[PDB]
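A quick write-up on the structure given underneath.
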Amino acid sequence: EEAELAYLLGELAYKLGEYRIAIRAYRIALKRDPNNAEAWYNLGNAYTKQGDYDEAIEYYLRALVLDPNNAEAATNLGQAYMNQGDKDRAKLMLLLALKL
Amino acid sequence: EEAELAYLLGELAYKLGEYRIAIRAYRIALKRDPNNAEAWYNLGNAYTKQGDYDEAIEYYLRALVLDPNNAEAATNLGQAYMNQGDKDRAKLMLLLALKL
Amino acid sequence: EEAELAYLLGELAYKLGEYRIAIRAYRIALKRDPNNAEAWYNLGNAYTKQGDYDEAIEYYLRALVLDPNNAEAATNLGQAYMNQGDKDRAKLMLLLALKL
Amino acid sequence: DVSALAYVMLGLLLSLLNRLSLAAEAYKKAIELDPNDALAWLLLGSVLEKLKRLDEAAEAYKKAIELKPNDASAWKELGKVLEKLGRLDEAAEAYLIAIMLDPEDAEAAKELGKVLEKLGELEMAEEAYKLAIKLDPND
Amino acid sequence: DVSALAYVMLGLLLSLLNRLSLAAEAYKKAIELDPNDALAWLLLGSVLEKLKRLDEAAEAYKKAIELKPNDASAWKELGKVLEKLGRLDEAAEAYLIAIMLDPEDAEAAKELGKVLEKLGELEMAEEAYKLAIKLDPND
Amino acid sequence: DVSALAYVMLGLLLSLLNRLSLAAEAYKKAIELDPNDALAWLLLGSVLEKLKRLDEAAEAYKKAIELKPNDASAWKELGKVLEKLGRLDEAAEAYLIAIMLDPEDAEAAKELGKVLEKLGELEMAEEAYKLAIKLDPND
Amino acid sequence: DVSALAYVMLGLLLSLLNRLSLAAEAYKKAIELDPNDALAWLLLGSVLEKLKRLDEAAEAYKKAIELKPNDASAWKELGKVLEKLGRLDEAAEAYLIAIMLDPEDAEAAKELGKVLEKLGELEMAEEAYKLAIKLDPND
Amino acid sequence: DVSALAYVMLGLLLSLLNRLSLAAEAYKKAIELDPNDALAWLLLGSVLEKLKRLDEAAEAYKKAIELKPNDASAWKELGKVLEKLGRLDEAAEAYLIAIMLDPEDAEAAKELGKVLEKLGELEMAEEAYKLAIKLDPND
Amino acid sequence: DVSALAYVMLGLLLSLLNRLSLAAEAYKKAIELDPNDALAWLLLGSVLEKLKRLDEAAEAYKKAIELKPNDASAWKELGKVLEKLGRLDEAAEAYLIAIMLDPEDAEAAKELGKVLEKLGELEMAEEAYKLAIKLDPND
């Protein structure tokens, strides 16, 4: 299904550093498959490289809720919170990453 | 709509110099969505980088007809006309670009 | 059909050295268009660069069955057999490549 | 039902007999029978144009063009109406569209030169005039 | 349905090609299929007028005006036929109604001036002529 | 259904107004409603002729001739298009067919002489010119 | 049919009046009438929890959450049940999901600190307590 | 169908158990089954304000007040919600409407005095407070 | 009904009884009942082969292969027929398809080596013969 082909395009764009395309591709994929943990995680990663740390948080949260063991998502979410200046949430999620 | 995904593939290919892939992808997109001005413009850019100035002209014209304010399309159309040696049309469309 | 879009994604991934994703893209294309000789050959090539010579052989064979004049596929299959140590089969397919 | 086109025929006859003011009404009834007819709108545009009712002719031409987007001559007539209305910029846009739909139309190039000259784009007007002359000196 | 209208086209053709005397019969056949057509009567008016059978042309114009009020063109044509018939009072009335329906028409003022000159209202005829000269530059 | 002919009538009217470019489309729709109509094809041929799409008109003329053989007028009208296209051998063949179908047509002999002279059959061209002159001394 | 909800109402009454043990059966009948009801399961969870039949309340809450994700209240109640069952790891997971659904929920932070402290994640528990205090000191 | 009403009972029951958050969603289904129910809207508006969800509560109250006019108590509650939202002028308007609908409502006068004092109409606020005291000295 | 298959059994019996020339006709009737049968065509190919009518046995095998791709033995037999027809290039191609479908069967390698020897590819023939000897010891 397109849910995989568009995700592949997103992954290829992200790997090549073309984040502007990666975000849109991941969104086109997610519109059909909202339960896709790695898709949300990569979308948050793309927004993180873009510097939109609060929106990256908004997507990392859904990445974690759908996959509570995702230690890498917790690490990046903590880093995003730190970029937002919330040292407390950032430290909590970093400790969560270490625990997971 | 898959037209969006095909256009995104075309854009990614063009940004990385894969002009064959850009042409084929944009063409796959356009036959699904002929009113897409920017797709025509990018296809013209691809054919321009290929040096196939006749095709570039033929598609830049459709790009302008669907978007008469597109100054960049006018500039590239004039450049293609100059590459074809039509100094008159080239000057006309370059002046159009400056006016727009 | 979007099979061509998937194939284009595969070609773009391969040419840019993302073999790992080229395999998945070519698979998405092939499972909807099994008669595609070029897709089989490119999948075998992707596995070859990856070093998975058994899969490369398996898909090169399917490519050659569908296109017995494919000298390039014959050369690749001979090299793959040599990598697998079947110097006899490798020599056979290399001579086939020279004949073709 | 054929009446939807019979009305177009009636309008054409009245225009041909030089009784335009009834032809406009005939075309309007035809349109109300079928709003999608390109011929009805396109002809009503010129009928209203000849009656000097430009304000309506421009809109009639636009309604026609929305139903045949790449018509190389509807744009020219709309350009003439716009030019007579004094909207010289939109007239230049229309004639540019006409040229881009058919690069070999010398008349479109000459009219675009006229509009640009009146609009003050002297250099572009001269370029367009020379191009038109090269395409055909009699147009 | 359409047969009720086709005869109007037949009459228009037979008037466009110069065979008026058959066009009148074609229009009459149209009317006997639909007495209410405001376009059949109006054209029959001018067809009978051109055949110089004025006594019927005035009647046809009047019936058309009854069927479709406020059209200044029909009133002006009826005024012309009445002028020919010598009923100058009714002609003046018709042209006055034409002015009152469209006060910007120079032609109605000119016709009213002519008719009032013939009818002996010299001052009003002169006023109408001046109004006609003021309303348009070429009449 | 009468629409198949109504479209022919619409095309004729549009040609009569000198809006040929719409008449061609009207004829094409008529044809698509009834491809065997010889009159549609012939009129479309002579319309495309005056839009100066010569080679597109030649095919319409040929299809019309195929649809009703022995049409001595269609053969000459195809010969004119072929002569303009410079395919002088086929033009000579067409004018010869015109002669065979009607040996008394002076115009056919005249234009056959013209085409033969262009084609280099000087003796035969002179013979055809003499035949044309003798057929119609009043020409 | 409305009975599927009437049974929910009956169980709600029997839980409002202190006869929980019958309310559980009423909810069970409602569920067997319509297993997809996201409210029957959610209420049955609380009713079973109050009867201290925790082993079943945990499963009831889990099925409810499966039937309607993102419910920031169901996760917290399931966390309470899990803590009372002593499976503190699953309780910590539940409260983590709760705070990640509603990051502004001070009570979720306080409960997460509670279960983390009892689970030995002293630093995380302290951080969660600070988060709870910052979000709302009154919670 | 009685289902349209049953959801209102479900919401009321859930409100009795202090599970308000489910009560609001229970009312929502009733509204989506019948948007014209004044009682559903009024109860939903009064529930939402307890969740500290004020603006939606004011919206629901106002939607209720359109569906049946003159209910002097709905206006008072919308006044309370508006006053909490800080739209003091609109709250004063609401309490004034309450006074108009029932001149003897002492609570409305007390609230009007409060809101006018907050709004800076000291004289009118004192007058309203005095009226409230005089209307109900037992208050 | 089973008639579409019965003729295949009739042909098989006749072939088994050494009555080939009627078996061919039985197979042809079966084919005319159902042209898609991959089993009729193959047996007909072998039957025509043993009647020494190779010119059509090759075509029967090719039809079977087209109707049922990706099986080695059909390619082997088509290669044999092509070999005896003297089209050694196509025979080598067919045996190569056989090897590509199954790289492990010695028979195809042996016969490919034979063809290559007769075709003049001495080195490839030696490679094929060695592969055949390695794949099985008895061939």
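Ordering of the structure tokens sets the chain letters (A, B, ...), residue numbers begin anew at 1 in every chain, and ligands are numbered from 1 in the order given.
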
Output chain A, superimposed onto chain B using in-order Cα pairs, as an mmCIF file with N, CA and C atoms, in the first residue's frame:
data_model
loop_
_atom_site.group_PDB
_atom_site.id
_atom_site.type_symbol
_atom_site.label_atom_id
_atom_site.label_comp_id
_atom_site.auth_asym_id
_atom_site.auth_seq_id
_atom_site.Cartn_x
_atom_site.Cartn_y
_atom_site.Cartn_z
ATOM 1 N N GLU A 1 -3.204 12.030 -2.712
ATOM 2 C CA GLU A 1 -3.266 11.299 -4.008
ATOM 3 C C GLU A 1 -1.868 11.166 -4.604
ATOM 4 N N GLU A 2 -1.712 10.222 -5.539
ATOM 5 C CA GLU A 2 -0.416 10.015 -6.176
ATOM 6 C C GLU A 2 0.082 11.283 -6.848
ATOM 7 N N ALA A 3 -0.833 12.179 -7.225
ATOM 8 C CA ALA A 3 -0.427 13.413 -7.885
ATOM 9 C C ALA A 3 0.583 14.186 -7.051
ATOM 10 N N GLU A 4 0.544 14.033 -5.727
ATOM 11 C CA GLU A 4 1.515 14.691 -4.861
ATOM 12 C C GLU A 4 2.730 13.815 -4.582
ATOM 13 N N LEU A 5 2.524 12.520 -4.343
ATOM 14 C CA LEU A 5 3.650 11.646 -4.030
ATOM 15 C C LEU A 5 4.630 11.565 -5.197
ATOM 16 N N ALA A 6 4.113 11.364 -6.411
ATOM 17 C CA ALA A 6 4.992 11.324 -7.572
ATOM 18 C C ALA A 6 5.661 12.672 -7.803
ATOM 19 N N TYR A 7 4.948 13.772 -7.553
ATOM 20 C CA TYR A 7 5.575 15.083 -7.659
ATOM 21 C C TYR A 7 6.708 15.229 -6.655
ATOM 22 N N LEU A 8 6.516 14.721 -5.438
ATOM 23 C CA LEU A 8 7.575 14.781 -4.439
ATOM 24 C C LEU A 8 8.785 13.989 -4.894
ATOM 25 N N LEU A 9 8.558 12.807 -5.466
ATOM 26 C CA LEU A 9 9.684 12.050 -6.001
ATOM 27 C C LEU A 9 10.393 12.844 -7.085
ATOM 28 N N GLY A 10 9.626 13.498 -7.955
ATOM 29 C CA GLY A 10 10.238 14.312 -8.991
ATOM 30 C C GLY A 10 11.071 15.443 -8.418
ATOM 31 N N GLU A 11 10.536 16.130 -7.407
ATOM 32 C CA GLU A 11 11.263 17.234 -6.790
ATOM 33 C C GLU A 11 12.543 16.743 -6.132
ATOM 34 N N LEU A 12 12.474 15.603 -5.446
ATOM 35 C CA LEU A 12 13.664 15.047 -4.814
ATOM 36 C C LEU A 12 14.708 14.673 -5.856
ATOM 37 N N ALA A 13 14.278 14.038 -6.949
ATOM 38 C CA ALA A 13 15.217 13.671 -8.002
ATOM 39 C C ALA A 13 15.856 14.907 -8.622
ATOM 40 N N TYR A 14 15.061 15.947 -8.876
ATOM 41 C CA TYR A 14 15.602 17.161 -9.479
ATOM 42 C C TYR A 14 16.599 17.838 -8.548
ATOM 43 N N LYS A 15 16.254 17.946 -7.263
ATOM 44 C CA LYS A 15 17.154 18.592 -6.313
ATOM 45 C C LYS A 15 18.493 17.872 -6.253
ATOM 46 N N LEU A 16 18.480 16.548 -6.374
ATOM 47 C CA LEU A 16 19.698 15.752 -6.332
ATOM 48 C C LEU A 16 20.379 15.645 -7.690
ATOM 49 N N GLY A 17 19.871 16.339 -8.707
ATOM 50 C CA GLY A 17 20.518 16.355 -10.003
ATOM 51 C C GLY A 17 20.310 15.124 -10.851
ATOM 52 N N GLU A 18 19.311 14.299 -10.540
ATOM 53 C CA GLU A 18 19.007 13.106 -11.331
ATOM 54 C C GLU A 18 17.856 13.385 -12.300
ATOM 55 N N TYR A 19 18.125 14.289 -13.246
ATOM 56 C CA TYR A 19 17.071 14.801 -14.119
ATOM 57 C C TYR A 19 16.372 13.688 -14.893
ATOM 58 N N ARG A 20 17.123 12.662 -15.305
ATOM 59 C CA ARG A 20 16.538 11.571 -16.078
ATOM 60 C C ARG A 20 15.342 10.960 -15.362
ATOM 61 N N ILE A 21 15.389 10.901 -14.032
ATOM 62 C CA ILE A 21 14.270 10.385 -13.252
ATOM 63 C C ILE A 21 13.225 11.468 -13.020
ATOM 64 N N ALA A 22 13.674 12.710 -12.831
ATOM 65 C CA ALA A 22 12.757 13.801 -12.526
ATOM 66 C C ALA A 22 11.728 13.984 -13.632
ATOM 67 N N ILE A 23 12.170 13.941 -14.889
ATOM 68 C CA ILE A 23 11.235 14.142 -15.995
ATOM 69 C C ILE A 23 10.121 13.103 -15.940
ATOM 70 N N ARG A 24 10.498 11.832 -15.817
ATOM 71 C CA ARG A 24 9.509 10.762 -15.817
ATOM 72 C C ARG A 24 8.577 10.868 -14.615
ATOM 73 N N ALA A 25 9.116 11.210 -13.445
ATOM 74 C CA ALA A 25 8.275 11.320 -12.258
ATOM 75 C C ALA A 25 7.266 12.452 -12.404
ATOM 76 N N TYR A 26 7.727 13.617 -12.861
ATOM 77 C CA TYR A 26 6.810 14.729 -13.063
ATOM 78 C C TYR A 26 5.729 14.362 -14.067
ATOM 79 N N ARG A 27 6.084 13.614 -15.112
ATOM 80 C CA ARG A 27 5.068 13.184 -16.069
ATOM 81 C C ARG A 27 4.040 12.262 -15.424
ATOM 82 N N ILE A 28 4.499 11.313 -14.605
ATOM 83 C CA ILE A 28 3.553 10.419 -13.945
ATOM 84 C C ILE A 28 2.619 11.224 -13.059
ATOM 85 N N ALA A 29 3.137 12.273 -12.418
ATOM 86 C CA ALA A 29 2.286 13.138 -11.606
ATOM 87 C C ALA A 29 1.280 13.891 -12.471
ATOM 88 N N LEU A 30 1.759 14.522 -13.545
ATOM 89 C CA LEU A 30 0.906 15.359 -14.383
ATOM 90 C C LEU A 30 -0.213 14.564 -15.034
ATOM 91 N N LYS A 31 0.006 13.274 -15.295
ATOM 92 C CA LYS A 31 -1.044 12.492 -15.942
ATOM 93 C C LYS A 31 -2.344 12.537 -15.149
ATOM 94 N N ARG A 32 -2.267 12.779 -13.840
ATOM 95 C CA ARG A 32 -3.456 12.854 -13.004
ATOM 96 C C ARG A 32 -3.899 14.277 -12.687
ATOM 97 N N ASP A 33 -3.025 15.271 -12.838
ATOM 98 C CA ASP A 33 -3.297 16.637 -12.382
ATOM 99 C C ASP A 33 -2.711 17.627 -13.380
ATOM 100 N N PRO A 34 -3.390 17.840 -14.512
ATOM 101 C CA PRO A 34 -2.830 18.721 -15.552
ATOM 102 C C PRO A 34 -2.839 20.201 -15.197
ATOM 103 N N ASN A 35 -3.576 20.619 -14.170
ATOM 104 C CA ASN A 35 -3.641 22.025 -13.786
ATOM 105 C C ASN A 35 -2.504 22.455 -12.865
ATOM 106 N N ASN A 36 -1.495 21.612 -12.658
ATOM 107 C CA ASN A 36 -0.454 21.858 -11.659
ATOM 108 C C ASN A 36 0.638 22.736 -12.258
ATOM 109 N N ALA A 37 0.629 24.020 -11.894
ATOM 110 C CA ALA A 37 1.568 24.973 -12.478
ATOM 111 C C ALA A 37 3.013 24.608 -12.158
ATOM 112 N N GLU A 38 3.316 24.396 -10.874
ATOM 113 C CA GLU A 38 4.696 24.122 -10.490
ATOM 114 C C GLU A 38 5.207 22.841 -11.132
ATOM 115 N N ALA A 39 4.327 21.866 -11.364
ATOM 116 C CA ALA A 39 4.756 20.634 -12.015
ATOM 117 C C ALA A 39 5.243 20.905 -13.434
ATOM 118 N N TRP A 40 4.465 21.663 -14.210
ATOM 119 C CA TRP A 40 4.900 22.023 -15.555
ATOM 120 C C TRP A 40 6.189 22.829 -15.511
ATOM 121 N N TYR A 41 6.278 23.778 -14.579
ATOM 122 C CA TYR A 41 7.475 24.605 -14.483
ATOM 123 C C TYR A 41 8.711 23.753 -14.210
ATOM 124 N N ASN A 42 8.613 22.828 -13.254
ATOM 125 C CA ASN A 42 9.755 21.980 -12.925
ATOM 126 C C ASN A 42 10.093 21.033 -14.069
ATOM 127 N N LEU A 43 9.081 20.528 -14.775
ATOM 128 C CA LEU A 43 9.357 19.683 -15.931
ATOM 129 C C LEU A 43 10.135 20.453 -16.991
ATOM 130 N N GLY A 44 9.720 21.689 -17.264
ATOM 131 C CA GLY A 44 10.472 22.512 -18.193
ATOM 132 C C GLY A 44 11.876 22.796 -17.700
ATOM 133 N N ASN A 45 12.031 22.992 -16.390
ATOM 134 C CA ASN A 45 13.357 23.216 -15.822
ATOM 135 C C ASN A 45 14.251 21.997 -16.017
ATOM 136 N N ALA A 46 13.691 20.804 -15.812
ATOM 137 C CA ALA A 46 14.458 19.580 -16.009
ATOM 138 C C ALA A 46 14.884 19.438 -17.462
ATOM 139 N N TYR A 47 13.960 19.683 -18.394
ATOM 140 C CA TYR A 47 14.341 19.638 -19.802
ATOM 141 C C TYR A 47 15.372 20.710 -20.133
ATOM 142 N N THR A 48 15.327 21.849 -19.440
ATOM 143 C CA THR A 48 16.309 22.901 -19.677
ATOM 144 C C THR A 48 17.699 22.457 -19.249
ATOM 145 N N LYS A 49 17.817 21.902 -18.043
ATOM 146 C CA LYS A 49 19.105 21.358 -17.627
ATOM 147 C C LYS A 49 19.549 20.240 -18.559
ATOM 148 N N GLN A 50 18.600 19.468 -19.093
ATOM 149 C CA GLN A 50 18.942 18.419 -20.043
ATOM 150 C C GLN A 50 19.415 18.979 -21.378
ATOM 151 N N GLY A 51 19.060 20.219 -21.701
ATOM 152 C CA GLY A 51 19.449 20.826 -22.956
ATOM 153 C C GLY A 51 18.449 20.690 -24.085
ATOM 154 N N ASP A 52 17.230 20.230 -23.803
ATOM 155 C CA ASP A 52 16.175 20.119 -24.813
ATOM 156 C C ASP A 52 15.309 21.380 -24.814
ATOM 157 N N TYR A 53 15.942 22.486 -25.207
ATOM 158 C CA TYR A 53 15.384 23.806 -24.934
ATOM 159 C C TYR A 53 14.028 24.024 -25.597
ATOM 160 N N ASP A 54 13.802 23.459 -26.785
ATOM 161 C CA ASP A 54 12.515 23.661 -27.450
ATOM 162 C C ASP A 54 11.385 22.960 -26.699
ATOM 163 N N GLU A 55 11.628 21.741 -26.218
ATOM 164 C CA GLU A 55 10.614 21.060 -25.419
ATOM 165 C C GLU A 55 10.417 21.764 -24.079
ATOM 166 N N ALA A 56 11.507 22.272 -23.501
ATOM 167 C CA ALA A 56 11.389 23.104 -22.311
ATOM 168 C C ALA A 56 10.488 24.303 -22.576
ATOM 169 N N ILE A 57 10.608 24.909 -23.761
ATOM 170 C CA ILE A 57 9.695 25.977 -24.166
ATOM 171 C C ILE A 57 8.264 25.462 -24.206
ATOM 172 N N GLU A 58 8.072 24.308 -24.845
ATOM 173 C CA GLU A 58 6.730 23.762 -25.004
ATOM 174 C C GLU A 58 6.052 23.557 -23.658
ATOM 175 N N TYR A 59 6.825 23.244 -22.620
ATOM 176 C CA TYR A 59 6.227 23.050 -21.301
ATOM 177 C C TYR A 59 6.165 24.342 -20.484
ATOM 178 N N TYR A 60 7.154 25.227 -20.629
ATOM 179 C CA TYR A 60 7.100 26.525 -19.965
ATOM 180 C C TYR A 60 5.889 27.329 -20.408
ATOM 181 N N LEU A 61 5.501 27.210 -21.677
ATOM 182 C CA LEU A 61 4.331 27.936 -22.159
ATOM 183 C C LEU A 61 3.082 27.532 -21.385
ATOM 184 N N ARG A 62 2.864 26.226 -21.225
ATOM 185 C CA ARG A 62 1.727 25.760 -20.441
ATOM 186 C C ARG A 62 1.877 26.123 -18.973
ATOM 187 N N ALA A 63 3.113 26.200 -18.477
ATOM 188 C CA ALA A 63 3.317 26.664 -17.109
ATOM 189 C C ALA A 63 2.835 28.100 -16.941
ATOM 190 N N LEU A 64 3.147 28.960 -17.910
ATOM 191 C CA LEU A 64 2.757 30.364 -17.819
ATOM 192 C C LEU A 64 1.260 30.548 -18.045
ATOM 193 N N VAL A 65 0.682 29.811 -18.995
ATOM 194 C CA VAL A 65 -0.737 29.980 -19.295
ATOM 195 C C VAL A 65 -1.580 29.661 -18.068
ATOM 196 N N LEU A 66 -1.173 28.656 -17.294
ATOM 197 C CA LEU A 66 -1.891 28.287 -16.080
ATOM 198 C C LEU A 66 -1.561 29.188 -14.898
ATOM 199 N N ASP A 67 -0.550 30.045 -15.018
ATOM 200 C CA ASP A 67 -0.145 30.936 -13.939
ATOM 201 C C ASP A 67 0.534 32.162 -14.539
ATOM 202 N N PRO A 68 -0.232 33.149 -15.016
ATOM 203 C CA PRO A 68 0.371 34.232 -15.808
ATOM 204 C C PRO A 68 1.296 35.149 -15.022
ATOM 205 N N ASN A 69 1.338 35.047 -13.697
ATOM 206 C CA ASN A 69 2.222 35.872 -12.882
ATOM 207 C C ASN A 69 3.575 35.220 -12.611
ATOM 208 N N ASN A 70 3.831 34.028 -13.154
ATOM 209 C CA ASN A 70 5.027 33.256 -12.816
ATOM 210 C C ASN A 70 6.247 33.903 -13.468
ATOM 211 N N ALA A 71 6.856 34.842 -12.740
ATOM 212 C CA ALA A 71 8.001 35.565 -13.287
ATOM 213 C C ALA A 71 9.184 34.642 -13.560
ATOM 214 N N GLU A 72 9.432 33.672 -12.676
ATOM 215 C CA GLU A 72 10.550 32.759 -12.886
ATOM 216 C C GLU A 72 10.350 31.922 -14.144
ATOM 217 N N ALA A 73 9.114 31.478 -14.390
ATOM 218 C CA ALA A 73 8.832 30.733 -15.611
ATOM 219 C C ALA A 73 9.096 31.592 -16.836
ATOM 220 N N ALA A 74 8.709 32.868 -16.784
ATOM 221 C CA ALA A 74 8.987 33.769 -17.897
ATOM 222 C C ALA A 74 10.485 33.921 -18.125
ATOM 223 N N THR A 75 11.254 34.081 -17.045
ATOM 224 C CA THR A 75 12.702 34.212 -17.183
ATOM 225 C C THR A 75 13.297 32.982 -17.858
ATOM 226 N N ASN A 76 12.938 31.795 -17.368
ATOM 227 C CA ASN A 76 13.506 30.579 -17.937
ATOM 228 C C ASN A 76 13.032 30.361 -19.368
ATOM 229 N N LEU A 77 11.788 30.736 -19.677
ATOM 230 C CA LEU A 77 11.303 30.631 -21.048
ATOM 231 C C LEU A 77 12.082 31.552 -21.977
ATOM 232 N N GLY A 78 12.358 32.778 -21.529
ATOM 233 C CA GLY A 78 13.179 33.673 -22.329
ATOM 234 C C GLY A 78 14.569 33.116 -22.560
ATOM 235 N N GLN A 79 15.165 32.547 -21.510
ATOM 236 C CA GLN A 79 16.477 31.923 -21.658
ATOM 237 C C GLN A 79 16.426 30.755 -22.638
ATOM 238 N N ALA A 80 15.364 29.947 -22.576
ATOM 239 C CA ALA A 80 15.215 28.840 -23.515
ATOM 240 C C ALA A 80 15.084 29.343 -24.947
ATOM 241 N N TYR A 81 14.317 30.416 -25.150
ATOM 242 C CA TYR A 81 14.206 30.999 -26.482
ATOM 243 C C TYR A 81 15.559 31.502 -26.968
ATOM 244 N N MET A 82 16.334 32.118 -26.075
ATOM 245 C CA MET A 82 17.674 32.564 -26.440
ATOM 246 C C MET A 82 18.550 31.382 -26.831
ATOM 247 N N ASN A 83 18.437 30.275 -26.095
ATOM 248 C CA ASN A 83 19.157 29.061 -26.461
ATOM 249 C C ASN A 83 18.714 28.548 -27.823
ATOM 250 N N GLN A 84 17.441 28.730 -28.162
ATOM 251 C CA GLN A 84 16.931 28.421 -29.491
ATOM 252 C C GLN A 84 17.280 29.492 -30.517
ATOM 253 N N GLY A 85 17.944 30.569 -30.103
ATOM 254 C CA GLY A 85 18.361 31.618 -31.007
ATOM 255 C C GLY A 85 17.313 32.657 -31.338
ATOM 256 N N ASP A 86 16.104 32.552 -30.786
ATOM 257 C CA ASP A 86 15.050 33.540 -31.025
ATOM 258 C C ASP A 86 15.257 34.709 -30.063
ATOM 259 N N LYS A 87 16.203 35.579 -30.426
ATOM 260 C CA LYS A 87 16.521 36.724 -29.579
ATOM 261 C C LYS A 87 15.299 37.593 -29.309
ATOM 262 N N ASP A 88 14.375 37.685 -30.267
ATOM 263 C CA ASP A 88 13.229 38.574 -30.101
ATOM 264 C C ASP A 88 12.256 38.046 -29.049
ATOM 265 N N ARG A 89 11.807 36.796 -29.199
ATOM 266 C CA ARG A 89 10.938 36.203 -28.188
ATOM 267 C C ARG A 89 11.639 36.143 -26.839
ATOM 268 N N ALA A 90 12.933 35.818 -26.842
ATOM 269 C CA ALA A 90 13.690 35.744 -25.598
ATOM 270 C C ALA A 90 13.665 37.081 -24.868
ATOM 271 N N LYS A 91 13.983 38.162 -25.584
ATOM 272 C CA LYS A 91 13.958 39.482 -24.968
ATOM 273 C C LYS A 91 12.557 39.849 -24.506
ATOM 274 N N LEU A 92 11.536 39.500 -25.290
ATOM 275 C CA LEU A 92 10.167 39.809 -24.889
ATOM 276 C C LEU A 92 9.822 39.126 -23.573
ATOM 277 N N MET A 93 10.163 37.842 -23.445
ATOM 278 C CA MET A 93 9.804 37.118 -22.231
ATOM 279 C C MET A 93 10.665 37.537 -21.045
ATOM 280 N N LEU A 94 11.918 37.931 -21.278
ATOM 281 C CA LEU A 94 12.727 38.471 -20.187
ATOM 282 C C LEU A 94 12.136 39.781 -19.678
ATOM 283 N N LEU A 95 11.735 40.660 -20.600
ATOM 284 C CA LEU A 95 11.067 41.890 -20.196
ATOM 285 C C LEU A 95 9.763 41.583 -19.470
ATOM 286 N N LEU A 96 9.050 40.542 -19.908
ATOM 287 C CA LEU A 96 7.851 40.112 -19.198
ATOM 288 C C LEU A 96 8.182 39.695 -17.772
ATOM 289 N N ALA A 97 9.277 38.957 -17.596
ATOM 290 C CA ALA A 97 9.691 38.550 -16.259
ATOM 291 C C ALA A 97 9.976 39.768 -15.392
ATOM 292 N N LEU A 98 10.667 40.761 -15.956
ATOM 293 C CA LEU A 98 10.949 41.977 -15.198
ATOM 294 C C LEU A 98 9.672 42.744 -14.873
ATOM 295 N N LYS A 99 8.704 42.749 -15.789
ATOM 296 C CA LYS A 99 7.445 43.443 -15.537
ATOM 297 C C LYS A 99 6.643 42.756 -14.440
ATOM 298 N N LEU A 100 6.586 41.428 -14.464
ATOM 299 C CA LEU A 100 5.799 40.679 -13.493
ATOM 300 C C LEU A 100 6.427 40.785 -12.109
#

Just the residues within 12 Å of residue 92 of chain D, please, counting only C-alpha atoms, with nothing from its chain fewer than 5 positions along; format it as a ChimeraX atom specification. /B:68,96,99-100 /D:75-76,78-83,86-87,97-99,108-121,124-125,128

Please report, as CSV, each residue of chain F lying at most 7 Å from chain D, together with the nearest pair of atoms and the separation in Å rounded to one decimal; use only C-alpha atoms, and order rows by chain and ascending residue number.
residue,atom,partner,partner_atom,distance
F:3,CA,D:2,CA,6.2
F:10,CA,D:9,CA,6.3
F:13,CA,D:12,CA,7.0
F:17,CA,D:16,CA,6.6

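The space between atom CA of residue 60 of chain G and atom CA of residue 101 of chain G spans 20.5 Å.
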
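Computed from the coordinates, the atom CA of residue 11 of chain E to atom CA of residue 41 of chain E distance equals 11.5 Å.
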
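Interatomic distance, atom CA of residue 42 of chain G against atom CA of residue 84 of chain G: 17.7 Å.
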
When DSSP is applied to the backbone of this structure, which of chain C are assigned alpha helix (DSSP H)? Write them out as a PyMOL selection string. chain C and resi 2-15+19-30+37-50+53-66+71-83+87-99

What's around residue 47 of chain G at 12 Å? Count only C-alpha atoms, leave out sequence neighbours fewer than 6 positions away in its own chain, and write the answer as a PyMOL selection string. chain G and resi 11-16+18-28+40-41+53-54+56-58+60-61+77+81
